Amino acid sequence: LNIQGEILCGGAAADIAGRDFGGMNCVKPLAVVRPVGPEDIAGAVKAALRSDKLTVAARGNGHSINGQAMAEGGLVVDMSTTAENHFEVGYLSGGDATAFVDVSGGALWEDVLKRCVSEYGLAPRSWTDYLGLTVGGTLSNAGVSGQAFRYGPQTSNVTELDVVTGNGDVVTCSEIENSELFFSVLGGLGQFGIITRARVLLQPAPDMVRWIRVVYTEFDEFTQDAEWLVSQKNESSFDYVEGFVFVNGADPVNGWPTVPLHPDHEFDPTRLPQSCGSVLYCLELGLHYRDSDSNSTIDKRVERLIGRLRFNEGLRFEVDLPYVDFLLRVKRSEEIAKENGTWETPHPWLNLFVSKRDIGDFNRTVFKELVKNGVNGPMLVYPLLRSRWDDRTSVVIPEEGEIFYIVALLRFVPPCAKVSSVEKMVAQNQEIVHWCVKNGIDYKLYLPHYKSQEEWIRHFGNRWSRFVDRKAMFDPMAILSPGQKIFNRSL
Ligand SMILES: *Cc1cc2c(cc1C)nc1c(=O)[nH]c(=O)nc-1n2C[C@H](O)[C@H](O)[C@H](O)COP(=O)(O)OP(=O)(O)OC[C@H]1O[C@@H](n2cnc3c(N)ncnc32)[C@H](O)[C@@H]1O
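What the sequence shown shows, in UniProt numbering, is residues 34 to 524, in sequence order.
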């Protein structure tokens, strides 16, 4: 194959393309392709199509948990070498979003953020918690954070893509042009093509965020309050709503020390009622405001907005920081992980959506029993609104209810733990999924990983035939993102 970029066989390049953040799969490619642009990528795709066995996997920033960006004896396309290929801002008169920016599928969101803000005072309006992820990587899944209840996930905030299809075609698509490909690729787990450019929506960048954390002991009250907040009329409430479960104890990694937002206000556990469960709940809120706003005016606004919430008195923590610093807040957690050596150990992360109707049951068995001593990392749980998620996309969410929850068990492995430790974590993730399937819980995995056809058929449900149809159209040989394990390469 003749390309402008570099082709690397074996060595450190292959080692890296055979690793991901999951830290549980090592699958080496024949070669790593470092493309200059869409032509190098379609070349890689066409090479694989001519061969008997080659497959092609785009690699974003290697944040997958279960080998989804790996290609056993295939070609891994390191998208980072395309990270700077696009940066064009345009305006929108159609109301809603102010503007859009064209960015590479290989750009990291952290870089997109910094450049939009510094050059234009604009920024995307829907995020992930962690910004060391690629545009094409998150758009291939959903891209979820505390703004999604208001604007939908990142797949709801893109209006055009350039895609290199599994046929090797370079195609521009949108709601109006090649719409089937557009909707297929969004949330499509890399199955239908490689995103080389995305037109991402922009709004004016806020100056500041008031970041608030308040604590609940009662899951019913926590979820009622959170659902109420995400259901409020546009711009009458907060601009970010998340939640998390924490251990009722002093464990610095799992317990109440994880709650405070600055070193000068600590968690006082004597404010907790005597009857508290094994775990407690934190509602996390963000209010955007202007540099010019009077502090008393903002204080009064926040007291009004928080004033009906039923959190435990004396367990309210807040800080104010620039908007960019708020969006990059998880850098602090990355630093704690590198310090305790758990950034480089395996991460058997479990991510799923649960209907509003079943989140109570999930809390009862999962949070209050299975992981009641924590998982050594975040246990996130917060509500989302179905109205913001377009069902034409490949994304798969729970079957019933206008509100559903996202849940994340962000497991970390202490560096002196046995390999049996990681096995036990994986086994417990499986035990949770089984418990869901057995008890008819309306759940769907996010970043799903299954190895059997019957599990994928169950996952896609009434959208399985559509998924298969889209595959037959855009990657009939099944060469793309084989590590998702949904389709096996054609013989
Ligand atoms: C590591 C991690 C992940 C993460 C996170 C925090 C950490 C530390 N926080 C998230 C969050 O707050 N909200 C959210 O929705 N996701 C969060 N993630 C998970 C993350 O989205 C996934 O890891 C995702 O895969 C993006 O990561 P990355 O950009 O590194 O992409 P990848 O893992 O290498 O590839 C994922 C799949 O998509 C295919 N792929 C990669 N690039 C493309 C392009 N450009 N076009 C089409 N497909 C692509 C890969 O082959 C793989 O199948």
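Backbone N, C-alpha and C define an ideal beta-carbon position, used for all residues, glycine too.
Given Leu87 as reference, the closest of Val66, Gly70, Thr192 once Cα atoms are compared: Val66
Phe445 versus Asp391, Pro381, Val459, residue with shortest Cα-Cα distance: Looking at the Cα atoms, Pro381 is the closest of the given residues.
Whether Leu360 touches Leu166 by CB criterion (8 Å): The answer is no: Cβ separation not under 8 Å.
Terminal residues of the beta strand (DSSP E) in which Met241 lies: 241 to 249
According to DSSP, residues forming a beta bridge with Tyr356: Paired residues: none, contrary to the question.
Where the beta strand (DSSP E) through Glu317 begins and ends: First-last of the beta strand (DSSP E) with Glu317: 312 to 322.
beta-carbon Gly93 near ligand 1 non-hydrogen atom, thresh 7 Å: yes
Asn118 versus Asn373 - alpha carbon distance: Those two C-alpha atoms are separated by around 36 Å.
Cβ separation of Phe120 and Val134, assumed to be a contact under 8 Å, to the nearest whole Å: In this structure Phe120 is in contact with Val134, their Cβ atoms being roughly 7 Å apart against a cut-off of 8 Å.
Closest Cα partner of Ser420 within the set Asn267, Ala231, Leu125: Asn267
Between the CA atoms of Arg183 and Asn190 - distance to the nearest angstrom: 11 Å
Residue interval of the beta strand (DSSP E) (run including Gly55): Unbroken run through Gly55: none, as it is neither H nor E.
Contact belief for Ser113 with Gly138 at Cβ below 8 Å, rounded distance in angstroms: Actually they do not touch by this definition, with Cβ atoms about 11 Å apart.
Nearest-angstrom Cβ-Cβ length linking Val414 and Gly276, presumed shorter than 8 Å: The C-beta distance from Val414 to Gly276 rounds to 5 Å, short enough to meet the 8 Å contact threshold.
Opposing strand residues paired with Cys206 [DSSP bridges]: Under DSSP, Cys206 shares a beta bridge with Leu194.
Chain D within 8 Å of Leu383, Cβ atoms only: Here there is only one protein chain, and chain D is not present.
In DSSP terms, what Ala441 is bridged to: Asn384, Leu413
Residue range of the beta strand (DSSP E) that includes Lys477: 476 to 478
Simplified DSSP assignment, three categories, for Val177: coil
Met412: CB within 7 Å of a non-hydrogen atom of ligand 1: no
Expected contact under 8 Å - CB spacing of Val168 and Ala231 to nearest Å: 5 Å
Cβ-heavy atom distance, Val335 to ligand 1, below 7 Å: no
From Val312, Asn384, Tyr249, residue whose alpha carbon lies closest to that of residue 526: Summary: the structure shown does not reach residue 526, with the chain confined to residues 34 through 524, and so no result is reported for it.
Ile465 to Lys518 span [Cα, whole Å]: Straight-line Cα distance between these residues: approximately 21 Å.
Closer than 7 Å: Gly76 CB and nearest ligand 1 heavy atom: no
One or two residues paired with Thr167 in a DSSP bridge: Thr167 pairs with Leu141.
6 Å CB neighbourhood of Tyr322 in its chain, flanking five on each side removed: Only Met241, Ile331 meet the Cβ criterion.
Per DSSP, the bridge partner or partners of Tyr184: DSSP lists no partner for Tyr184.
DSSP beta-bridge partners of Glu275: In the DSSP output, where bridge partners are listed per residue, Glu275 has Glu317.
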